[PDB]
Amino acid sequence: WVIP
Amino acid sequence: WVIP
Amino acid sequence: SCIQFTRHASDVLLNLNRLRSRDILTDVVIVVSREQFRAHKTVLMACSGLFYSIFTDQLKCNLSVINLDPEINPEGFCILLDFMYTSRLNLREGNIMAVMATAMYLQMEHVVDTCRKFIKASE
Amino acid sequence: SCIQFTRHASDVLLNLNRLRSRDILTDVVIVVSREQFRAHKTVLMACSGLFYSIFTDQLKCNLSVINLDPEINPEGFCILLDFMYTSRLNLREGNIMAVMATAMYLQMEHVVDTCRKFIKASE
Ligand SMILES: N#Cc1cnn2c(Nc3ccc4c(c3)CC(=O)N4)cc(Cl)nc12
Ligand SMILES: N#Cc1cnn2c(Nc3ccc4c(c3)CC(=O)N4)cc(Cl)nc12
Ligand SMILES: [Cl-]
Ligand SMILES: [Cl-]
């Protein structure tokens, strides 16, 4: 999971 | 396009 | 000896979401209490262990309407359906419990994982 | 304020290809001369300007069989259909002309681009  |  | 187009999978998903927004080729309505959500069976199966089980069933595969458990929260389902079609999860303090419970029911293991990690950090 | 699951789009595409291999929920047969290819209309529209035009048409959207131009090569179509479902293009010296011509017909601009660059390097 990432900060887009 | 890339070499997978 | 194949070559690969990096953005292809993301571009496919973006167009599947465009089809959902325009209601093109949607073949099922998911009923969550008083709310209705139109979707593509193939996308639902591709994202969820629950829908994969439902739509591989020789009788349920032909249903145009699927009713979810009355305990399922419509907003939680809406957030997860948006995630299915975009890879983006609108996870907030006010909705995290509903999102995690819906993800457990839908058998969306990666979403369950992250909801667990976000709750653990707040305790 | 969304979070994003990097591998989600690739995982969706992998499961759509699994559905194609098992012939689950395929709703169209593409006829290319003596050969037949089963596929999902939604995936075909998402990858190709030609199929996007065909399946948004109020009459053609309901067809279970689509016949392509007799000049279209079945192997070229097969390579492009595999690409649609996997992001991988089996581009070889022996098939590049057929792949490029099929990609132009299917309106798959990124494939056309690369076929052009690969031909230019060999001349
Ligand atoms: N054919 C086919 C096919 C279509 N969909 N699909 C799967 N869908 C699925 C099943 C379980 C889970 C998820 C997705 C996300 C998750 O957390 N669990 C799996 C397989 Cl092994 N095959 C297929
Ligand atoms: N709704 C919808 C929807 C479904 N599919 N789709 C598009 N599919 C497409 C159209 C043209 C081209 C390609 C894909 C690859 C290419 O080279 N050209 C576009 C839009 Cl703007 N919208 C949609
Ligand atoms: Cl997931
Ligand atoms: Cl393309």
# chains A, B, ... in the order shown; residues from 1 in each chain; ligands from 1
>>> residues_around(residues="residue 10 of chain C", least_positions_apart="3", cutoff="6 Å", atoms="only C-alpha atoms", output="list in words")
residues 7 and 13 of chain C; 9 of chain D
>>> closest_atom_pairs(of="chain D", to="ligand 2", cutoff="7 Å", atoms="only C-alpha atoms and all ligand atoms", output="Markdown table")
| residue | atom | partner | partner_atom_place_in_ligand_line | distance |
| --- | --- | --- | --- | --- |
| D:42 | CA | ligand 2 | 4 (C) | 6.8 |
| D:45 | CA | ligand 2 | 5 (N) | 4.3 |
| D:46 | CA | ligand 2 | 5 (N) | 3.7 |
| D:47 | CA | ligand 2 | 14 (C) | 4.4 |
| D:48 | CA | ligand 2 | 13 (C) | 4.3 |
| D:49 | CA | ligand 2 | 11 (C) | 3.4 |
| D:52 | CA | ligand 2 | 8 (N) | 5.1 |
| D:107 | CA | ligand 2 | 17 (O) | 5.2 |
| D:108 | CA | ligand 2 | 17 (O) | 3.5 |
| D:109 | CA | ligand 2 | 17 (O) | 3.8 |
| D:110 | CA | ligand 2 | 17 (O) | 5.9 |
>>> write_last_selection(atoms="N, CA, C and O atoms", output="PDB file, in the first residue's frame")
ATOM      1  N   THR D  42     -16.241  -6.552 -22.218  1.00  0.00           N
ATOM      2  CA  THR D  42     -15.693  -5.463 -21.388  1.00  0.00           C
ATOM      3  C   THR D  42     -14.171  -5.332 -21.525  1.00  0.00           C
ATOM      4  O   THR D  42     -13.670  -4.209 -21.640  1.00  0.00           O
ATOM      5  N   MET D  45     -13.305  -4.034 -25.167  1.00  0.00           N
ATOM      6  CA  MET D  45     -13.579  -2.579 -25.248  1.00  0.00           C
ATOM      7  C   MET D  45     -12.505  -1.783 -24.523  1.00  0.00           C
ATOM      8  O   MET D  45     -12.040  -0.762 -25.043  1.00  0.00           O
ATOM      9  N   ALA D  46     -12.084  -2.274 -23.349  1.00  0.00           N
ATOM     10  CA  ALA D  46     -11.063  -1.610 -22.524  1.00  0.00           C
ATOM     11  C   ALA D  46      -9.686  -1.532 -23.215  1.00  0.00           C
ATOM     12  O   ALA D  46      -8.893  -0.659 -22.874  1.00  0.00           O
ATOM     13  N   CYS D  47      -9.404  -2.442 -24.160  1.00  0.00           N
ATOM     14  CA  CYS D  47      -8.098  -2.533 -24.833  1.00  0.00           C
ATOM     15  C   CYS D  47      -8.039  -2.030 -26.258  1.00  0.00           C
ATOM     16  O   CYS D  47      -6.936  -1.879 -26.783  1.00  0.00           O
ATOM     17  N   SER D  48      -9.179  -1.950 -26.929  1.00  0.00           N
ATOM     18  CA  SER D  48      -9.230  -1.703 -28.359  1.00  0.00           C
ATOM     19  C   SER D  48     -10.255  -0.646 -28.749  1.00  0.00           C
ATOM     20  O   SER D  48     -11.424  -0.761 -28.375  1.00  0.00           O
ATOM     21  N   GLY D  49      -9.813   0.351 -29.527  1.00  0.00           N
ATOM     22  CA  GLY D  49     -10.689   1.381 -30.067  1.00  0.00           C
ATOM     23  C   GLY D  49     -11.756   0.798 -30.976  1.00  0.00           C
ATOM     24  O   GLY D  49     -12.900   1.270 -30.971  1.00  0.00           O
ATOM     25  N   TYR D  52     -14.322  -1.072 -28.671  1.00  0.00           N
ATOM     26  CA  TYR D  52     -15.009  -0.008 -27.935  1.00  0.00           C
ATOM     27  C   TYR D  52     -16.138   0.580 -28.823  1.00  0.00           C
ATOM     28  O   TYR D  52     -17.255   0.760 -28.332  1.00  0.00           O
ATOM     29  N   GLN D 107      -7.105  -0.752 -33.440  1.00  0.00           N
ATOM     30  CA  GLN D 107      -6.868   0.572 -32.867  1.00  0.00           C
ATOM     31  C   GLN D 107      -6.255   0.423 -31.459  1.00  0.00           C
ATOM     32  O   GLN D 107      -6.855   0.816 -30.451  1.00  0.00           O
ATOM     33  N   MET D 108      -5.088  -0.232 -31.402  1.00  0.00           N
ATOM     34  CA  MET D 108      -4.321  -0.446 -30.180  1.00  0.00           C
ATOM     35  C   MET D 108      -3.024   0.316 -30.398  1.00  0.00           C
ATOM     36  O   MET D 108      -2.009  -0.244 -30.841  1.00  0.00           O
ATOM     37  N   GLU D 109      -3.102   1.638 -30.159  1.00  0.00           N
ATOM     38  CA  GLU D 109      -2.063   2.637 -30.444  1.00  0.00           C
ATOM     39  C   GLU D 109      -0.688   2.365 -29.813  1.00  0.00           C
ATOM     40  O   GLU D 109       0.318   2.606 -30.483  1.00  0.00           O
ATOM     41  N   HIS D 110      -0.634   1.892 -28.549  1.00  0.00           N
ATOM     42  CA  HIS D 110       0.645   1.603 -27.881  1.00  0.00           C
ATOM     43  C   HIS D 110       1.390   0.434 -28.554  1.00  0.00           C
ATOM     44  O   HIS D 110       2.620   0.492 -28.700  1.00  0.00           O
TER      45      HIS D 110
END
>>> interface_residues(of="chain C", to="chain A", cutoff="12 Å", atoms="only C-alpha atoms", output="list in words")
residues 86, 87, 88, 89, 90, 91, 110, 111, 113, 114, 115, 117 and 118 of chain C
>>> closest_residue(among="C:36, C:58, C:6, C:1", to="ligand 4", atoms="only C-alpha atoms and all ligand atoms")
C:6
>>> atom_distance(atom1="atom CA of residue 100 of chain C", atom2="atom CA of residue 39 of chain C")
20.8 Å
>>> select_by_dssp(residues="segment 35-123 of chain C", states="alpha helix (DSSP H)", output="ChimeraX atom specification")
/C:41-47,49-55,74-86,96-106,109-122
>>> select_by_dssp(residues="chain C", states="strand (DSSP E or B)", output="list in words")
residues 3, 4, 28, 29, 30, 31, 32, 35, 36, 37, 38, 39, 65, 66, 67, 88 and 89 of chain C
>>> write_last_selection(atoms="N, CA and C atoms", output="PDB file, in the first residue's frame")
ATOM      1  N   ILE C   3       7.671  -8.757 -24.570  1.00  0.00           N
ATOM      2  CA  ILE C   3       7.920  -7.409 -24.047  1.00  0.00           C
ATOM      3  C   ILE C   3       6.662  -7.090 -23.234  1.00  0.00           C
ATOM      4  N   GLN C   4       6.733  -6.156 -22.293  1.00  0.00           N
ATOM      5  CA  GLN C   4       5.562  -5.852 -21.476  1.00  0.00           C
ATOM      6  C   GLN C   4       5.273  -4.351 -21.393  1.00  0.00           C
ATOM      7  N   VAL C  28     -25.063  -7.351 -13.123  1.00  0.00           N
ATOM      8  CA  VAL C  28     -25.548  -7.690 -11.786  1.00  0.00           C
ATOM      9  C   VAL C  28     -25.815  -6.433 -10.957  1.00  0.00           C
ATOM     10  N   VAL C  29     -26.782  -6.530 -10.037  1.00  0.00           N
ATOM     11  CA  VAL C  29     -27.105  -5.507  -9.051  1.00  0.00           C
ATOM     12  C   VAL C  29     -26.819  -6.166  -7.700  1.00  0.00           C
ATOM     13  N   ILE C  30     -25.994  -5.520  -6.888  1.00  0.00           N
ATOM     14  CA  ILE C  30     -25.678  -5.974  -5.531  1.00  0.00           C
ATOM     15  C   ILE C  30     -26.557  -5.139  -4.599  1.00  0.00           C
ATOM     16  N   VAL C  31     -27.410  -5.809  -3.822  1.00  0.00           N
ATOM     17  CA  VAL C  31     -28.342  -5.138  -2.907  1.00  0.00           C
ATOM     18  C   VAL C  31     -27.782  -5.223  -1.491  1.00  0.00           C
ATOM     19  N   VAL C  32     -27.539  -4.056  -0.886  1.00  0.00           N
ATOM     20  CA  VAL C  32     -26.986  -3.921   0.459  1.00  0.00           C
ATOM     21  C   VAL C  32     -27.998  -3.083   1.227  1.00  0.00           C
ATOM     22  N   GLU C  35     -29.887   0.043  -0.403  1.00  0.00           N
ATOM     23  CA  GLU C  35     -29.078   0.527  -1.528  1.00  0.00           C
ATOM     24  C   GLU C  35     -28.779  -0.533  -2.584  1.00  0.00           C
ATOM     25  N   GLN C  36     -28.636  -0.086  -3.840  1.00  0.00           N
ATOM     26  CA  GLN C  36     -28.308  -0.904  -5.014  1.00  0.00           C
ATOM     27  C   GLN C  36     -27.047  -0.450  -5.702  1.00  0.00           C
ATOM     28  N   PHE C  37     -26.205  -1.408  -6.120  1.00  0.00           N
ATOM     29  CA  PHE C  37     -24.925  -1.140  -6.795  1.00  0.00           C
ATOM     30  C   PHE C  37     -24.800  -2.022  -8.027  1.00  0.00           C
ATOM     31  N   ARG C  38     -24.717  -1.408  -9.202  1.00  0.00           N
ATOM     32  CA  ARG C  38     -24.547  -2.156 -10.449  1.00  0.00           C
ATOM     33  C   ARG C  38     -23.072  -2.427 -10.660  1.00  0.00           C
ATOM     34  N   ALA C  39     -22.723  -3.628 -11.152  1.00  0.00           N
ATOM     35  CA  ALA C  39     -21.310  -3.968 -11.366  1.00  0.00           C
ATOM     36  C   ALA C  39     -21.178  -5.015 -12.465  1.00  0.00           C
ATOM     37  N   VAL C  65     -29.603 -10.340  -9.623  1.00  0.00           N
ATOM     38  CA  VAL C  65     -29.658  -9.655  -8.321  1.00  0.00           C
ATOM     39  C   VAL C  65     -29.022 -10.544  -7.236  1.00  0.00           C
ATOM     40  N   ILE C  66     -28.123  -9.964  -6.418  1.00  0.00           N
ATOM     41  CA  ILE C  66     -27.483 -10.648  -5.287  1.00  0.00           C
ATOM     42  C   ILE C  66     -27.729  -9.807  -4.038  1.00  0.00           C
ATOM     43  N   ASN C  67     -28.326 -10.413  -2.998  1.00  0.00           N
ATOM     44  CA  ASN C  67     -28.584  -9.700  -1.756  1.00  0.00           C
ATOM     45  C   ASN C  67     -27.520 -10.058  -0.734  1.00  0.00           C
ATOM     46  N   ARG C  88      -7.794   2.270  -5.360  1.00  0.00           N
ATOM     47  CA  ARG C  88      -7.774   3.311  -4.322  1.00  0.00           C
ATOM     48  C   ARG C  88      -8.796   3.028  -3.236  1.00  0.00           C
ATOM     49  N   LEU C  89      -8.335   3.070  -1.988  1.00  0.00           N
ATOM     50  CA  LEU C  89      -9.157   2.797  -0.819  1.00  0.00           C
ATOM     51  C   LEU C  89      -9.340   4.047   0.035  1.00  0.00           C
TER      52      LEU C  89
END
>>> residues_around(residues="residue 44 of chain D", least_positions_apart="6", cutoff="12 Å", atoms="only C-alpha atoms", output="PyMOL selection string")
(chain C and resi 12+15-16+19+25) or (chain D and resi 16+20+26-30+37-38+50-56+61+66+77+80-85+106-108)
>>> atom_distance(atom1="atom 4 (C, counted along the ligand's line) of ligand 1", atom2="atom CA of residue 59 of chain D")
28.8 Å
>>> atom_distance(atom1="atom CA of residue 73 of chain D", atom2="atom CA of residue 104 of chain D")
12.4 Å
>>> residues_around(residues="residue 72 of chain C", least_positions_apart="4", cutoff="9 Å", atoms="only C-alpha atoms", output="PyMOL selection string")
chain C and resi 32-33+68+76-77+98+101-102+105
>>> decode(residues="segment 32-75 of chain D", atoms="C-alpha atoms", output="CSV table (one decimal), in the first residue's frame")
chain,number,residue,atom,x,y,z
D,32,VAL,CA,-10.9,-14.5,-37.6
D,33,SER,CA,-11.1,-16.6,-40.9
D,34,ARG,CA,-11.2,-20.3,-39.8
D,35,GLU,CA,-10.4,-19.6,-36.2
D,36,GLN,CA,-12.6,-18.7,-33.1
D,37,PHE,CA,-11.6,-16.8,-29.9
D,38,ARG,CA,-13.9,-16.5,-26.9
D,39,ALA,CA,-13.5,-13.3,-24.8
D,40,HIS,CA,-15.2,-10.8,-22.4
D,41,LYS,CA,-16.7,-7.8,-24.3
D,42,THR,CA,-15.7,-5.5,-21.4
D,43,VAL,CA,-12.0,-6.4,-21.7
D,44,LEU,CA,-12.0,-6.1,-25.5
D,45,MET,CA,-13.6,-2.6,-25.2
D,46,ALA,CA,-11.1,-1.6,-22.5
D,47,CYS,CA,-8.1,-2.5,-24.8
D,48,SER,CA,-9.2,-1.7,-28.4
D,49,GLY,CA,-10.7,1.4,-30.1
D,50,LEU,CA,-12.4,-0.9,-32.6
D,51,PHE,CA,-14.2,-3.1,-30.0
D,52,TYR,CA,-15.0,0.0,-27.9
D,53,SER,CA,-16.8,1.4,-31.1
D,54,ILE,CA,-18.5,-2.0,-31.8
D,55,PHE,CA,-19.8,-2.8,-28.4
D,56,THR,CA,-21.1,0.8,-27.7
D,57,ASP,CA,-23.3,0.4,-30.8
D,58,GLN,CA,-27.0,-0.1,-29.8
D,59,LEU,CA,-27.3,-3.2,-32.3
D,60,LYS,CA,-23.8,-4.7,-32.2
D,61,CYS,CA,-23.6,-4.7,-28.3
D,62,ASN,CA,-26.0,-7.7,-28.3
D,63,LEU,CA,-24.2,-9.9,-30.8
D,64,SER,CA,-22.7,-13.1,-29.6
D,65,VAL,CA,-20.5,-13.5,-32.7
D,66,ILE,CA,-18.2,-10.8,-34.4
D,67,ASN,CA,-16.5,-11.5,-37.7
D,68,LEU,CA,-13.3,-9.6,-38.4
D,69,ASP,CA,-12.1,-8.5,-41.8
D,70,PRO,CA,-10.8,-11.5,-43.9
D,71,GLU,CA,-7.4,-9.7,-44.2
D,72,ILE,CA,-6.8,-10.1,-40.4
D,73,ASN,CA,-4.3,-12.8,-39.5
D,74,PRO,CA,-5.5,-15.3,-36.8
D,75,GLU,CA,-2.0,-15.6,-35.2
